[PDB]
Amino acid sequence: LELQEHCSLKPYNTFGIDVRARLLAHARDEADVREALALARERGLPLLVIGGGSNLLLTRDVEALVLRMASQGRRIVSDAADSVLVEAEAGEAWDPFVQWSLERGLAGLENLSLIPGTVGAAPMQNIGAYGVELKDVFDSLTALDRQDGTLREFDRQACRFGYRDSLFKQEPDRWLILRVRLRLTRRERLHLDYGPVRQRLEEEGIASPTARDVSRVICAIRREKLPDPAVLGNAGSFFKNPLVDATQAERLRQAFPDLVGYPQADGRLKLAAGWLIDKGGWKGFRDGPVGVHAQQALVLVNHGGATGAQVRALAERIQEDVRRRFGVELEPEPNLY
């Protein structure tokens, strides 16, 4: 590998937290993952796999081997007429991957445009946006099993995809994703449904609504709402949207008339966590070098040189303050290390 000893991780996590790793390693392919894995054992260290570090909260120096996935390769596997199965290596940067697909003439990823991170990490959290989740186009992946080292294929059912969840987040540290295969489409009628994405597409003339168009749109909305971690350290939205049983829903319902909620198919209501945190007077909060954004209340930030623990403590403060005022527990989205 390109091994580095006791070296900072500030340029490796979108929060910008400066903690040291006992060893840093960059994996270019599967041969590099194997040896990196025999090191972590042949030096008694635990192994921490990272991609772009945009779903990751670091709180202490990492007495691990940190293995940054930098595997590279973007390929069409199959071409059926209306569906195309593509495959990309784990370290491939996600958004350029999206551009690659649109370049090739394919739809399916367009609503996941400009999401940070790697292809390898995308199945971990089942990345979702603008009504689309990775499972909608997920076909299969290849993962290294860290109990015995044997590669196996995971079809879609086997991944137990959930809202910002998967078997790989349920069974953490077991599986190391190397490859991801998605089925993309051509010339499918356009997946858009009464939102700002549409409002702003149909203003452009909408001669034809190609995925490339909607992908151009979505970037623009992203570039206007979401804080860039290149200026304000963050890991995007910090809390998942909580969903409550119909009984919890009914009591909060007639306690706040606003209650931005969303009804699911199983009967229960998924509350807008942005509302909860904003109704809790948290928007624009700042204590020391951490806070929440002044617009998107879901985005916790490091204004400058914060610690992961401070971020972690603001998170916890918010969760209690919410739970102790509405009776809902906000779960986080990033993984804490």
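Just so we're on the same page, rigid core means the largest C-alpha set that superposes within 1.5 Å between forms. In this text, residue numbers run from 1 along the sequence as written.
Farther on average from this form in 4 other deposited structures of this protein lies stretch 203-211, the comparison being between 91-99 and 203-211 by RMS Cα distance after core superposition. Root mean square Cα distance to the shown form, taken over structures and residues in 4 other deposited structures of this protein after a core fit, is higher for 189-197 when 189-197 and 149-157 are compared. In this entry, 242-250 shows the higher mean Cα temperature factor of the pair 118-126 and 242-250. Stretch comparison (267-275 versus 51-59) by mean CA B-factor in the PDB entry places 267-275 on top. For the set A93, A207, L112, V84, the maximum C-alpha B-factor listed in the entry falls on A207.
The PDB entry assigns the greatest CA B-factor among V197, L102, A235, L134 to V197. The entry lists a Cα temperature factor for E202 that places it in the highest third of the chain's modelled residues. The entry lists a Cα temperature factor for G162 that places it in the lowest third of the chain's modelled residues. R181: CA B factor in the lowest third of modelled residues in this chain (values from the PDB entry). Ranked within its chain, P257 lands in the highest third, by CA B factor from the PDB record. Ranked by Cα temperature factor within the chain, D228 sits in the middle third according to the deposited record.
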